[PDB]
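>>> Pasting the sequence and an experimental structure:
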Amino acid sequence: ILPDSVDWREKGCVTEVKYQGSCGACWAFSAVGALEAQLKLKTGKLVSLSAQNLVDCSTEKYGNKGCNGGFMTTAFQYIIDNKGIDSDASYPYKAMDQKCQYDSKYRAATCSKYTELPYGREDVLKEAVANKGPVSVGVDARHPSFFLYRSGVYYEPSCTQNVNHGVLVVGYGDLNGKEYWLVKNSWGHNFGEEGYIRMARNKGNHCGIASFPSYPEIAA
Ligand SMILES: *[C@@](O)(C(=O)NCc1ccccc1)[C@H](C[C@@H]1CCNC1=O)NC(=O)[C@H](CC1CC1)n1cccc(NC(=O)OC(C)(C)C)c1=O
């Protein structure tokens, strides 16, 4: 039986909210955030990982376009193929496309595999958030209400299941019975609920939140 509510921030597995600025690197922030939690679970260390490393290095070979968009799954595969990702401290974020500067002397994490959850299944997503960790997801964020969100459970009647914005599910719960997914965004600490948005849960795959979920793992 799954818990009624989960918040990975209470478990020390979620880093500070980041600010992506004018570079379309949401997918890179989503991917590093998922891996940050697995790194904490394995090593006991909470460390921000380099989104810039993904922007600069998980590029054409991975179907990604840096500040013009990319995929969390192919980002994970880059980390696997590359045998590492650098710390954010050593490879900080510049909000621009750059030549790859990865150096293994600054490696902060590895990845052994990733898993893509089945399309649209919010119960399967709940189980993964409860039992595995934060899950990278795409959402349909192409509506003014998403930009204007301040607090509460977000519901947008015009939302679709075609996703365009990579974010991180770090928990779930309910606000006076209204069920939600707890989502970490990468638009800085002034967006929404100090960087987070609670999005409607069990409302027909609202905004496509369960369309394309994935999470990485790290070898023991
Ligand atoms: C992500 O949502 C993001 O960085 N948003 C903030 C932002 C938006 C615009 C400009 C600067 C910052 C990201 C935004 C994309 C990339 C730049 N412009 C955008 O609209 N979204 C993605 O990277 C997204 C991730 C998938 C899981 C949902 N994504 C990946 C790959 C391709 C596309 N879109 C795309 O190619 O659109 C067309 C119109 C076909 C060019 C995409 O959205």
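Okay, I see it. Numbers count the residues shown, from 1 in each chain.

>>> for the longest helix anywhere in the chain, packing partners?
The longest helix of the chain (DSSP state H) is helix 26-43. Here helix 26-43 touches helix 51-57, helix 72-82, strand 107-109, strand 135-139, strand 165-175, strand 214-217, going by 3 or more C-beta pairs under 8 Å, 6 or more residues apart in numbering; DSSP states H and E. C-beta: built from backbone N, CA, C; applies to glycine.

>>> Looking at the ones you listed, spot the one closest to residue 122.
Nearest to residue 122, of all the helices and strands packed on helix 26-43, is strand 165-175, at 9.3 Å by C-beta to C-beta.

>>> what comes up buried for the closest one?
Neighbour-count burial for strand 165-175, with 16 or more other C-beta atoms under 10 Å as criterion, is recorded at 165, 166, 167, 168, 169, 170, 171, 172, 173.

>>> what sits against the first one?
Counting by C-beta atoms under 8 Å, 6 or more residues apart in numbering, residue 165 makes contact with 26, 138, 139, 140, 141, 142, 146.

>>> how near is the closest residue to it other than its chain neighbours to the ligand?
Once flanking residues are discounted, residue 165 sits nearest to residue 141: 3.6 Å by C-beta to C-beta, 6 or more residues apart in numbering. Distance, residue 141 to the ligand, by C-beta to the nearest ligand atom, to the nearest Å: 6 Å.

>>> Could you check how far stretch 60-79 is from the centre of its chain?
13 Å (C-alpha atoms, centre = their mean, to the nearest Å).

>>> try stretch 129-144
Stretch 129-144 has its C-alpha centroid displaced from the chain centroid by 6 Å (C-alpha atoms, centre = their mean).

>>> Kindly check the end-to-end length of that stretch for me.
Using C-alpha to C-alpha, to the nearest Å, the end-to-end distance of stretch 129-144 comes to 28 Å.

>>> Which positions in this protein make contact with the ligand?
Within reach of the ligand by C-beta under 6 Å from any ligand atom, the chain has these residues: 20, 22, 24-27, 68-70, 138, 163-166.

>>> Now list the buried members of these.
Buried members of those, scored by 16+ other C-beta under 10 Å, are 20, 24, 25, 26, 27, 69, 70, 138, 163, 165, 166.

>>> My guess is the fourth one contacts residue 20. True?
Yes. With contact defined as C-beta atoms under 8 Å, residue 26 and residue 20 form a contacting pair (6.2 Å).

>>> Identify the contacts common to those two.
Taking C-beta under 8 Å, 6+ apart as the contact rule, the neighbours common to residue 26 and residue 20 are residue 186.

>>> Can you tell me how far the spatially most central residue of the chain is from residue 175?
The structure's the chain has its C-alpha centroid closest to residue 30; by C-alpha atoms, centre = their mean the separation is 2.5 Å. Look at residue 30 and residue 175: by C-beta to C-beta, to the nearest Å, they are 24 Å apart.

>>> Fine, thanks again, bye for now.
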